[PDB]
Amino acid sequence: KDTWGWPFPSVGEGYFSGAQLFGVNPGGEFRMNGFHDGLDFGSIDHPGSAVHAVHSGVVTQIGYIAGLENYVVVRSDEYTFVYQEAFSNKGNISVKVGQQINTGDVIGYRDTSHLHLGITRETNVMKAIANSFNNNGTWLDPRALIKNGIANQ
């Protein structure tokens, strides 16, 4: 019941650079509006191969949009989770649309320099993605969410 976990559980929370953190941070000025709509887990700072689901849900979408590259969308009762940029091709994704997943289940295998994790209450993922650079409450801080979720389970 509402379990949470980190995507690379041997590292757990670990540490993030200014650029990797959610929101508007020193080091993130290179992005539009200086806003980062997710949390980046680098292969250096958060080592590991298998990307573990941070929360239970159902896989609603697997697609490709340059920038997100290959991505997986998982929807729970309250949240939409986007796992993006980790997978150099769709063959690196382990799950299929319609699949019920539990916290810790492998989404796929990261073979790029990072996973970007995005979390939103928005149900229309494309609309949320249209707000990738807008600090308007669409996207939530995954670090704070996972941390609080783990503490409260």
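Residue positions are given as counts along the sequence shown, with the first one as 1.
- For the two regions 19-27 and 138-146, the entry's Cα B-factors average higher over 19-27.
- Note on 121-129 vs 80-88: mean CA B-factor is higher in 121-129.
- Of the candidates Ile44, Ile101, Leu115, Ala50, the PDB record gives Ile101 the highest C-alpha temperature factor.
- The PDB entry assigns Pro9 a C-alpha temperature factor belonging to the highest third of its chain's modelled residues.
- Per-chain ranking of the deposited C-alpha B factor places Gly67 in the middle third.
- In this PDB entry, the Cα temperature factor of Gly57 sits in the middle third of its chain's modelled residues.
- In this PDB entry, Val95 carries a Cα temperature factor that places it within the middle third of its chain's modelled residues.
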